[PDB]
């Protein structure tokens, strides 16, 4: 009946907590977001709730790759944001993804959800408050991991802990029923981004409005095609959550079932908190430091010879590179270069932080990532070979490690012109990036060259001292 009653009655409420896995952390993987089999927090006898019967249509637009299953799970932008690094790191990479970001093309996900809510449930973060308590078993696993003797053993234990419990926990969820449509769009960079985003959003919102309004043929989960006002053909995935699915073929009956508590499910993930952030200091900081996939070391550099025609000097770390450490590309930094070292051992099924590189088969001397979808920061000034220094110690990066950078172009002629990559200079960045002055050649000879880097390394991924 009413949501307020549910929270009161322990049996109605526990069915709500259990059927929706509200105590479970979320595991990100190749198939998407999966509830842990273990409970992460202590079960409360009552839930913080905010009543809302107001049906609305919301729309989320997303340019971040690897987030499609989260979009289909009705995560909002903020929830996708927090969850992005985890799912990116745990995704199954491939060279043949329909999602494509190139020099000419750009892709994005758009999801529209017709909500039929009953309210929103919030789990208070430690800053009370109603405050949640981490499970004794979980906080035990943490203590045990931190009690290990060597760094690797500590980190390896933390990974198992998080692989088991999950990387994020849903701290705010809406419940009820939902009819949602999800699509991906790939478009030329020569198009107006605003126009494409509004055009897709309008077409997708119109589709779900007709669905939940009862003006279109009723239907459950299925795939289809819609056409925008600008004649864009979109492949759409329709998803239903909550309510009685046996009644979905008749939309209005479906909507009526939304008022039945037995059929309420999560219809939107509104806020997500990284599990580690549920920890009190200084345990929180110890874990997060250990979780960092790379160690960092600033070393001196040396100018590269053969680059007198170039508008700037090119620098590489001064040999010899300490064994087990790697560099990330030619820089214009004459003072220091960053070396990195992976903190986690390579294991089958695990996406390593770094990838080695190999020279292209075509008419190019530029490196290509061995591992699909991995990224590097600089063009290679010279001829790359994986078996010869310094290319032998050069490494690419797992996609979660990088953000888009920005070019500062130098040169009086294109053929010698270079881009110097800086962190993006938006005033309030969510993820802070290293300034590495990664060097990118403006025009490369000749086609067969890999896509041009414009990336910056996240500081949150590198552990110092």
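Numbering follows the first chain given and starts at 1.
- Deposited sequence between residue 129 and residue 130: 1 to 3 residues lack coordinates.
- Taking the PDB entry as given, 152 to 160 carries the higher mean Cα B factor of the two stretches 152 to 160 and 83 to 91.
- The question of which stretch, 391 to 399 or 138 to 146, has the higher mean Cα B factor is settled in favour of 138 to 146.
- Highest C-alpha temperature factor among 306, 372, 206, 329, as the PDB entry reports it: 306.
- When the C-alpha B-factors of 57, 424, 440, 414 are ranked from the entry, the top spot goes to 414.
- For residue 431, the recorded CA B-factor ranks within the middle third of the chain. Only modelled residues enter the ranking.
- In this PDB entry, the Cα temperature factor of residue 30 sits in the middle third of its chain's modelled residues.
- Remark: residue 262 belongs to the highest third of its chain, ranked by C-alpha B-factor as recorded.
- Split the chain's modelled residues into thirds by C-alpha temperature factor. Residue 98 is in the middle one.
- For residue 285, the recorded CA B-factor ranks within the highest third of the chain. Only modelled residues enter the ranking.
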